[PDB]
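Have a look at the structure below, then the notes.
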Amino acid sequence: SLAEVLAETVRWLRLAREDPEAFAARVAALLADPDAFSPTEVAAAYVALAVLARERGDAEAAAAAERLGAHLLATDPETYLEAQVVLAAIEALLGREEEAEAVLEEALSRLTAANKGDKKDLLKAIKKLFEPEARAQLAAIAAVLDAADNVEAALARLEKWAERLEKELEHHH
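PDB author numbering puts the sequence shown at residues 1 to 173.
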């Protein structure tokens, strides 16, 4: 579930801050054998690593997130899509709307080119961000990121992004 990925992303991000050595050891473990961990855990580690890459300029986290994302795309496309939507929400939360939309577009393009997902999957996944269970966890992410004042406007921007996509989908039929 989307909200479980968010909840677990809170735990990964707090671990990176509060015990970086245990963060590094568990990431090495997931990179060595991601299939030994639950899909939610792999997706959350991907998101935390992608956030470290983008927000701290962490080259190793960047390459590690790329490997985990690739693995999720190849083996569990629905979890891949959830991971990308959560990453997009967090970038939007941080005020990086262009980056958030590029993440969604990359996710869409990888999913369709692999014949594992489509525009309707993306729309459905984005809208799961707005449910209460997911909103509670994004509030937790926002506490982690000192971005509480931007939760609503970030989700509103994503909703209009999804709305325009859905309208083009409708017009195209």
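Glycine included, C-beta positions come from ideal geometry on N, C-alpha and C.
If the five residues before and after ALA162 are omitted, its C-beta is found closer than 7 angstroms to the C-beta atoms of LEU123, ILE126, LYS127, all from its own chain and listed in chain order. In the three-state reduction of the DSSP assignment, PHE23 falls in the helix class.
The beta carbon of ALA62 is closer than 7 angstroms to those of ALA53 in its chain, skipping five residues each way along the sequence.
In chain order, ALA107, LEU111, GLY117, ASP121, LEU122, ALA125 place their CB closer than 8 angstroms to the CB of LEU81, counting only its own chain and leaving out the 5 sequence neighbours on each side. In this structure, DSSP gives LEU94 a state outside helix and strand, which the three-state scheme calls coil. Taking 4 residues as the shortest admissible run, the region 90-141 contains the following complete alpha helix (DSSP H) segments, listed from N- to C-terminal end: 97-113, 119-128. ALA36 carries a helical assignment under DSSP once its states are collapsed to helix, strand and coil. Pairing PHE130 with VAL86, the inter-Cα distance amounts to about 12 angstroms. The alpha carbon of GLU55 has as its nearest neighbour, out of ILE90, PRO34, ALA70, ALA24, the alpha carbon of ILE90.
Using a Cβ-Cβ distance cut-off of 8 angstroms, the region 164-172 and the region 37-53 are not in contact, since fewer than three pairs of beta carbons, one from each stretch, lie closer than that value.
Membership of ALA63 in the alpha helix (DSSP H) is indicated by the continuous run 59-75. Taking a cut-off of 8 angstroms for Cβ pairs, the region 92-99 and the region 138-147 touch, as three or more such pairs fall below it. Collapsing the DSSP output to three states places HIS171 in a helix. In this structure, the CA atom of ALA83 is about 24 angstroms from the CA atom of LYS167.
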